[PDB]
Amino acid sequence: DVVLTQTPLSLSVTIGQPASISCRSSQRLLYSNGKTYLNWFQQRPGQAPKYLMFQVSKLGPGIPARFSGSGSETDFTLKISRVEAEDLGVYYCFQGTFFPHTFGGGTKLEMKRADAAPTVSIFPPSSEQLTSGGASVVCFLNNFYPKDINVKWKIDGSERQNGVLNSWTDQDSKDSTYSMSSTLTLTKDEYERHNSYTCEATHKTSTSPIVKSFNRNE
C-alpha cells in the first residue's frame, strides 16, 4: 500500500502569516491517464472533512485562493498565503491513484501564542464517593501553552499509574491555551492506607516539576 508521510505533525500559525505543510509519498502517484490523484482535506475538530484540493493543485469547490498545492514525484506541498482563523484544524493528504486509497497522518494547525504555565489544582475524594467505597483524586492543569505536558501521580512519594484516567481539551478558541484533567481512582480502603497524594506536572514553562499535594490525615 502507498504510505503518505506528513510534516510537521503540528504547525503553530499566526493570523496573516504564511503557512506550508508537506506530504511525502512512499511511491510515485502518476496514474496511467497522466493525472496525479493527490488530494488534500481539511477537518475542523468535531466536524466532517472538506475537499480542499485535488490532483495536486486543483482547488476544491468554494475553496479560497489563499490555498495552493504543488509537487511531483513523491513530495507534495500545501501552502496558505495568509492564515485566517478558519484555517485552524487538521489537514490530511490523500492518494487515489492506487488501491487501497490512503491518507497521510494529518498536520494540525494550531494558534501560536506566548508560553503559559498551568494552574494546577488537586482535589481529594468527595465524601459522597467515599461512602460508596471509591476514592478518586483529581488534578486539573489549566490554561497552559504549548500543549505538551506530562503528569505523574505519587502516593507517599511512590509513583502510581494503575487507575489513572487523563483527558485533554482542544485548543481554546479565545485564549489559545490547553487544559488537562487527570483522575487517579482507588478504593476507599486503598486510599486509607496512605497519607500523601501528589500530582506532579512537567512543562517547559517550569524549571523543576510543579507539585500539588495533600495529606489525607490533615
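The first residue of the sequence shown is number 1, and the count goes up from there.
**Student:** Higher average CA B factor in the deposited record is what I'm after, so tell me if that's 92-100 or 108-116.
**Tutor:** The stretch with the larger mean CA B-factor is 108-116.
**Student:** Quick one: say whether 19-27 or 203-211 has the higher mean Cα B-factor in the deposited entry.
**Tutor:** Per the PDB entry, the higher value belongs to 19-27.
**Student:** For the CA B factor values reported in this entry, which option in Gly163, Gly34, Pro49, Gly60 has the top one?
**Tutor:** In the PDB entry, the greatest C-alpha B-factor among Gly163, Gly34, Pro49, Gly60 is found at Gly34.
**Student:** With respect to the C-alpha temperature factors reported in the PDB entry, which of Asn150, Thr187, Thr169, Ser173 ranks highest?
**Tutor:** Of the candidates given, the C-alpha B-factor peaks at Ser173.
**Student:** Determine, from the deposited record, the chain-internal third of the Cα B-factor for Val138: lowest, middle or highest.
**Tutor:** Bottom third by C-alpha B-factor.
**Student:** Once the chain's modelled residues are ordered by C-alpha B factor and cut into thirds, is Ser158 in the lowest, middle or highest one?
**Tutor:** Its C-alpha B-factor, which the entry lists for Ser158, ranks in the highest third among residues of this chain.
**Student:** Once the chain's modelled residues are ordered by C-alpha B factor and cut into thirds, is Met180 in the lowest, middle or highest one?
**Tutor:** Tercile = lowest for this residue's CA B-factor.
**Student:** According to the PDB entry, is the CA B factor of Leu130 in the bottom, middle or top third of its chain, that is, lowest, middle or highest?
**Tutor:** It belongs to the lowest third of the chain when residues are ordered by C-alpha B-factor.
**Student:** Please rank the C-alpha B-factors of the chain's modelled residues and tell me whether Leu78 sits in the lowest, middle or highest third.
**Tutor:** Its C-alpha B-factor, which the entry lists for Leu78, ranks in the middle third among residues of this chain.
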